[PDB]
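Going by the authors' numbering, the letters in the sequence shown line up with residues 1 to 80, in that order.
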Amino acid sequence: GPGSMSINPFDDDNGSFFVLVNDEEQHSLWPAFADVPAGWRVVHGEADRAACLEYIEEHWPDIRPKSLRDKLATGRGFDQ
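1. Quick one: any contact between the region 17-25 and the region 48-55, if contact means 3 or more CB pairs under 8 Å?
2. Do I56 and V21 have their CB atoms nearer than 9 Å?
3. Going by DSSP, what residues sit across from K66 in a beta bridge?
4. Do the region 1-8 and the region 27-34 touch if we need at least three Cβ pairs shorter than 8 Å?
5. Tell me, please, which residues DSSP counts as bridged to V42.
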């Protein structure tokens, strides 16, 4: 798992917008209404426009190098 398997977030609540990378150095967005195809890595899942603004304004800080077996459970969503 390249790049983001586990992030070190200050708050983790609002997080950021959503970004899909790939082992082949590919990077784009992913269909939130579907499952991410194998070979890709989702570094950030869907979030609010606020989180969108955070991502774009930060223009991507860093990939947060933390490669692990698995940590990518579909649990991003507390109250909504």
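No residue lacks a Cβ here, since even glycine has one placed at the ideal position from N, Cα and C.
Quick answer:
1. Touching, per the Cβ criterion.
2. No, they are not a contact pair.
3. DSSP lists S4 as the bridge partner or partners of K66.
4. At 8 Å Cβ cutoff, the stretches do not touch.
5. As a beta-bridge residue in DSSP terms, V42 pairs with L20.
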